Amino acid sequence: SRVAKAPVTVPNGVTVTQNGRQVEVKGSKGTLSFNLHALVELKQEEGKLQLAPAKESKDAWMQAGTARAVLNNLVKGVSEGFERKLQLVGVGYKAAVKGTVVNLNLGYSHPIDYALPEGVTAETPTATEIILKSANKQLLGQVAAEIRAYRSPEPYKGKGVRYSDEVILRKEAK
RNA sequence: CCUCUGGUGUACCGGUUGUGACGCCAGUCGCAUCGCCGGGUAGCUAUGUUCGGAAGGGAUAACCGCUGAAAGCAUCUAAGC
């Protein structure tokens, strides 16, 4: 698989330690861990790493591709990290970051308080935008989805919480 | 469950008709659906009183996902959450 054949690059300050199944990546941003499928083997030569199958099975190639992708994600995350940029649209819709808990007012009869998990930080330049930053792409996406699920966009006006890079289908009555 | 509101309450109290008896008056008792009629203690009881189906964990159904290759893109799935 082309993804597996492609080699991943270690920038410099990040270290990759394989200990049997449980590979670990250390970096400036923090610590991450990744397990390896029984068909996959990893060879680190120079900063570069090679994912290749132990057996020539199609399943082994597929697992090698997914392993290369996840490790590339982990290395990029520890080196630099990611952010999400959620946006809020609607009249009276508001948000604020206080400590580790984000407070939202989305038109219900009670404010919503959402507790950020360990590893993700948030900040709001204004009331209608949220910036989530983290080293873990998967956890960052999960947190963004959970925050968006409190009030999803509607087609008639677009009110609600949306991704910055999100296309929203729109219609009208009659 | 029986404090309250009621029902029943033929061994509790009273009014009264006919007849027989207790020697007689007075006073009582038997029989007449408990003779008929008015009340009513405990117990039982509903139509009376009080209480219950509150809240919370765990795994899931349809459904909605996150990251992610096979298939350089895409994709809730094949690893994983």
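Just so it is clear, the values below take in all heavy atoms, side chains as well, and ignore hydrogens, waters and symmetry mates. Letters A, B, ... are given to chains in the order of the sequence lines, protein chains preceding strands, and every chain is numbered from 1.
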More than 12 heavy atoms from other groups under 6.0 Å of CD on A:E118: no
Contact summary for A:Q22 and A:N35, nearest pair of heavy atoms: CG-OD1, 3.7 Å
Pucker family (sign of torsion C1'-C2'-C3'-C4'), B:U33: south
Pucker family that the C1'-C2'-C3'-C4' torsion assigns to B:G72: south
Close side-chain approach of A:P53 to A:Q63, heavy-atom, < 4.5 Å: no
Contact letters for nucleotides 56-68 of chain B, in which S counts primed atoms plus P, OP1 and OP2 and B counts the base, heavy atoms under 4.0 Å: ---------BBSS
Sidechain-backbone polar pair: A:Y93 side chain, A:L106 backbone, donor-acceptor under 3.5 Å: yes
For B:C31, the sugar region implied by its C1'-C2'-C3'-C4' torsion sign: north
B:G80 and B:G52, which share atom name P, separated by this distance in whole Å: 49 Å
For atom CG of A:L51 and atom P of B:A79, their distance in whole Å: 18 Å
Note: A:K133-A:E123 ion pair, threshold 4.0 Å (strictly below): yes
Rounded distance in Å - CE (A:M62) to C1' (B:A69): 7 Å
5' priority, RNA chain B, between A:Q63 and A:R2 [closest heavy atom]: A:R2
Euclidean distance, atom CZ of residue A:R68 to atom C1' of B:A69 [Å, nearest integer]: 12 Å
Span that lies between the P atom of B:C63 and that of B:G58, in whole angstrom: 25 Å
Syn/anti state of B:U10 by chi, 90° boundary around 0: syn
Stack test, strand neighbours B:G40 and B:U41, 5.5 Å, 30°: no
Pairwise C1' distance, B:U67 and B:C76 [rounded to whole Å]: 10 Å
